[PDB]
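Report on the following structure.
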2 protein chains.
Amino acid sequence: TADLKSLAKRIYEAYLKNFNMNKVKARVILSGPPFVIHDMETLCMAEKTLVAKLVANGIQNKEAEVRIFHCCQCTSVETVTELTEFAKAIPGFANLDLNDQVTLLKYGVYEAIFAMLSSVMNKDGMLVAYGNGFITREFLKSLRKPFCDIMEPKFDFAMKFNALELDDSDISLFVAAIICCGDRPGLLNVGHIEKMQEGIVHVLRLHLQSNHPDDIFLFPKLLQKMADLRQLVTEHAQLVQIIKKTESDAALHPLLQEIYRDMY
Amino acid sequence: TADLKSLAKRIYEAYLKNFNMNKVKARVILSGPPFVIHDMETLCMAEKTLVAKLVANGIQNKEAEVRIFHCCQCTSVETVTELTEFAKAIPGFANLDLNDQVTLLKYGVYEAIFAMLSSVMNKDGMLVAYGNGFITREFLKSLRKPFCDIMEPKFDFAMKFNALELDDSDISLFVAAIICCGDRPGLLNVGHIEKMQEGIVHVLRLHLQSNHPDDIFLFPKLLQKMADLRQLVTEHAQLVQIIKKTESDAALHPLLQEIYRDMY
Ligand SMILES: CCCOc1ccc(C[C@H](CC)C(=O)O)cc1CNC(=O)c1ccc([C@]23C[C@H]4C[C@H](C[C@H](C4)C2)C3)cc1
Ligand SMILES: CCCOc1ccc(C[C@H](CC)C(=O)O)cc1CNC(=O)c1ccc([C@]23C[C@H]4C[C@H](C[C@H](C4)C2)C3)cc1
């Protein structure tokens with residue numbers, strides 16, 4: 001229909017407006033020039049140029065793995081803010097009760113975060129720092145436990161997600177569908193949320209049919225990736241709690257503490 | 001030994017990484033929510049939601065039994081690709097000659113496919129479409145010949161296979177052992193393949209000893225299931241050839257035609 005094509009276009013435009021990075025942009029950068037972080041020397045060089053304040057403390061600088069963990073948190077706080085603006089484009093979201101908006105975003109943001117991380121990842125590493133660096137998967141594996149274990153499951157997911165060959169017009173609807181999940185704990189007006197979700201999923205189904213006529217299973221494949229993301233986030237939150245208990249230098253931003261609070 | 005436990009763990013991890021469905025995941029879904037296909041009404045409903053493109057042709061849509069047969073083929077092409085990636089974890093496989101890799105996979109994929117189908121089957125039906133549907137065994141029996149005869153022998157095998165109560169750590173090694181069969185026709189370097197097979201079977205034997213101390217016959221039982229699978233695949237290929245000759249609408253994907261070509 002014309003109102004459903006317009007809805008898919010609205011969501012896509014709200015996605016291009018609100019996220020500083022998208023798959024088209026990331027792929028152009030990755031083709032090639034981003035500075036390569038592949039070892040401890042190049043990490044320290046990239047820090048001095050790209051996050052100078054974080055390493056301006058001399059011997060009082062944190063352990064490298066803790067600095068990296070802090071940078072990862074900074075990007076999540078940014079993406080949570082972008083995701084919050086993006087959600088207003090979803091028909092009905094801005095009409096929901098404020099508390100329900102908080103709940104849907106609370107459980108959705110990290111699913112959306114790791115879904116969109118796939119856009120900047122390849123089998124060798126990931127684009128980072130607003131397109132200005134490329135950090136290798138092998139370097140992230142070289143970080144001492146438990147910090148290396150944060151990274152590799154995200155690459156594992158992203159490689160399978162990227163094999164679906166989604167574009168930005170697909171991913172925007174997928175992120176909307178993530179936010180609209182009506183089975184989140186503590187929702188007040190579940191019935192209105194289910195109707196909101198039905199609408200986005202309806203548009204997503206039709207969009208994948210027209211945009212990917214070569215893969216007749218892409219919609220159920222993406223439904224399964226939503227479940228995989230929910231499990232990926234549950235496991236992530238557990239590793240973060242381990243880091244919180246065992247690593248006194250790895251302070252969690254208060255905004256992210258609130259997201260994790262009473263999640264898993 | 002430590003290198004043999006590590007090998008069993010490597011194979012298991014490569015299995016969890018490369019197959020989108022496993023027994024743990026399937027059982028959780030089957031406990032309960034997948035949409036139930038139990039009659040012609042619910043088949044057509046599931047098609048419109050889950051493979052919309054396949055039924056978007058109006059009166060030019062294929063007969064229901066042919067649509068189902070087409071979906072089954074699509075999943076085999078997917079599993080053949082996953083199986084090909086999985087095989088690289090088997091010590092020595094990636095070192096074999098390219099032609100031998102093709103031959104081992106040619107004869108192994110359908111044995112592995114029907115072995116792993118058991119994980120998503122119970123006595124009443126099977127999980128389908130990336131965990132999003134459940135199609136009943138009785139509905140598949142209701143399909144006109146010859147299409148109903150594709151389905152029931154797979155349930156018969158799976159019920160006996162599932163009574164062995166294997167878990168994913170067992171099945172991963174079993175699928176590796178299937179791929180390593182050194183008596184496939186046309187192998188070039190049979191001696192190297194026999195040593196590769198000996199290694200996987202050695203690890204499988206020791207793994208079943210520790211993981212199933214209650215069933216002292218489980219290893220010979222699984223050897224017999226490998227022979228049963230070879231016969232199941234031979235009979236499957238014969239029914240597929242009948243369908244190829246007698247059903248002009250049931251086109252075989254070219255990749256699967258090549259697998260069947262000069263098999264039985
Ligand atoms: C394998 C996936 C790694 O990325 C991850 C992983 C987990 C998370 C979630 C975080 C974990 C603390 C969260 O729970 O909020 C976020 C990112 C996203 N990380 C980033 O966007 C990121 C951004 C900048 C950097 C830097 C690190 C160094 C080197 C280089 C310049 C500068 C200093 C920033 C890249 C690193 C990661
Ligand atoms: C009793 C066993 C039935 O399953 C079989 C049987 C044989 C084979 C081998 C195939 C036969 C053509 C081959 O030779 O490659 C594969 C499967 C695996 N089939 C599937 O994975 C499958 C996937 C999706 C569906 C659908 C069919 C309808 C209903 C529902 C949604 C949508 C449309 C997909 C499930 C059905 C079967």
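Hydrogens, waters and symmetry mates play no part in the numbers below; they use all other heavy atoms, side chains included. The sequence lines fix the lettering, A, B, ..., with proteins before strands; numbering per chain opens at 1.
- Counting heavy-atom pairs closer than 4.5 Å to chain B, the top residue among A:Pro220, A:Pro213, A:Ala227 is A:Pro220.
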message = Run the side-chain contact (heavy atoms from CB on, under 4.5 Å) test on B:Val51 and A:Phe217 for me, step by step, so that the C-alpha distance in whole Å, both residues' side-chain angles and the decisive distance to 0.1 Å come before the verdict.
response = CA-CA 6 Å; B:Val51 288; A:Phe217 280 105; 3.6 Å; yes
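- Residue with the most contacts toward chain B among A:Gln224, A:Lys225, A:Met159: A:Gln224 (heavy-atom pairs, distance under 4.5 Å).
- For the pair B:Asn132 and A:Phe219, the minimum side-chain heavy-atom distance is 4.5 Å or more.
- Taking NZ of B:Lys48 as the reference point, atom CD of A:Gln209 lies at 11.5 Å (rounded to 0.5 Å).
- Annotation: residues 163-198 of chain A contacts chain B through no residue [non-hydrogen atoms, separation under 4.5 Å].
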message = Walk me through whether A:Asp228 and B:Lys25 qualify under side-chain contact (heavy atoms from CB on, under 4.5 Å).
response = CA-CA 10 Å; A:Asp228 295 336; B:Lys25 202 180 311 196; 3.7 Å; yes
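- Salt-bridge formation is not detected for the pair A:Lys160/B:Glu82: no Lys NZ or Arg NE/NH1/NH2 atom is positioned less than 4.0 Å from an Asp or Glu carboxylate oxygen.
- B:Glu47 is not listed as a side-chain neighbour of A:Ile216, based on a closest heavy-atom distance of 4.5 Å or more.
- Of the listed residues B:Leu50, B:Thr75, B:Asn18, the one with more heavy-atom pairs under 4.5 angstrom with chain A than any other is B:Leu50.
- With a 4.5 Å cut-off on non-hydrogen atoms, B:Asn20 touches chain A through its backbone and its side chain both.
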